[PDB]
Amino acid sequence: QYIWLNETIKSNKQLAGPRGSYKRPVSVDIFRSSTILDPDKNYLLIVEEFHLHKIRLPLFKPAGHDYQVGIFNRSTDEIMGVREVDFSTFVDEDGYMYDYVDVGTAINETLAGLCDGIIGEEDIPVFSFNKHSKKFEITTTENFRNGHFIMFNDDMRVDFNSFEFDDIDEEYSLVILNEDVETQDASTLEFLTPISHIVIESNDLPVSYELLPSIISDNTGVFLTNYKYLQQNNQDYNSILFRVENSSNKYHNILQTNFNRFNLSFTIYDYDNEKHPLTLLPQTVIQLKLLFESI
């Protein structure tokens, strides 16, 4: 026996707020007059599909990183200076950033402020994001490359690993520049994104919880599905579509048969395990299809 349950959420300006400023969590109450399941049977739950049409996800989270840029002199053979990359001007209230151009601007302003006293404005290097290639780029003069190197610390080195590097120190590495415009060997947006996965969870649905580590552990958490997210490009706004294939093992046992209501909520888990709820926009449309399959 296959029991199918469709659900939808609309939105508008009045429910969500301008630019979704009310941060209303994505949630649906399911509520039926009749009972949903047959008392004499045992049911596995699986989420067959969902569609998160028109939502806004963050692209970068400064708190998790400790970036540091520096300048190295080739004649004198020493470190001239090192500065910490200051994101506080570009961050929203919740500690997020929504554009990889701005990650590049932050890194650039730190780099420009460091070379203010030391190097002439003609040769101050420029760090920027290229919208077309999805790659960060370093733009420099020939005078700069003969005189100096740009230095990255390890956090920078790892997240922007597609540049060519030379290790000088336990921490710091030199960026090897051979041309006016130097770009990344490969995109590294996967390394920058804080989003790990999006999850459907219910406080009141009688379903066997998944086993977790501690905040030794006896900890548990309700998870109906587990969507792994990957930042493909610089798109702040997204339309995320999920559909299972022929033999997905992603079932969950239902412990009690007799219920006529429950709540479903969409939540985002970051790479540092800070969970936060997915919120509506005026234009958001959410769709959802649960299967209850008898054993």
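Sequential numbering from 1, following the sequence displayed.
According to the entry, the stretch of the deposited sequence that connects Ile215 to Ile216 contains 4 to 9 residues lacking coordinates, which leaves a gap of moderate length in the model.
Stretches compared: 144 to 152, 94 to 102. Higher mean C-alpha B-factor in the entry: 144 to 152.
As recorded in the PDB entry, 241 to 249 is the stretch of 53 to 61 and 241 to 249 with the greater mean C-alpha temperature factor. Note on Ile268, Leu255, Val26, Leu45: the highest value goes to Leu255, judged by CA B factor as recorded. When the C-alpha B-factors of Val158, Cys115, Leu192, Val199 are ranked from the entry, the top spot goes to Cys115. Among the modelled residues of its chain, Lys135 has a C-alpha B-factor that falls in the lowest third, as given in the PDB entry. Per the PDB record, residue ranking by Cα B-factor puts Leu264 in the middle third of the chain.
Per the deposited record, the Cα B-factor of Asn73 falls in the highest third when ranked against the other modelled residues of its chain. Per-chain ranking of the deposited C-alpha B factor places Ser128 in the lowest third.
Per the PDB record, residue ranking by Cα B-factor puts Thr220 in the highest third of the chain.
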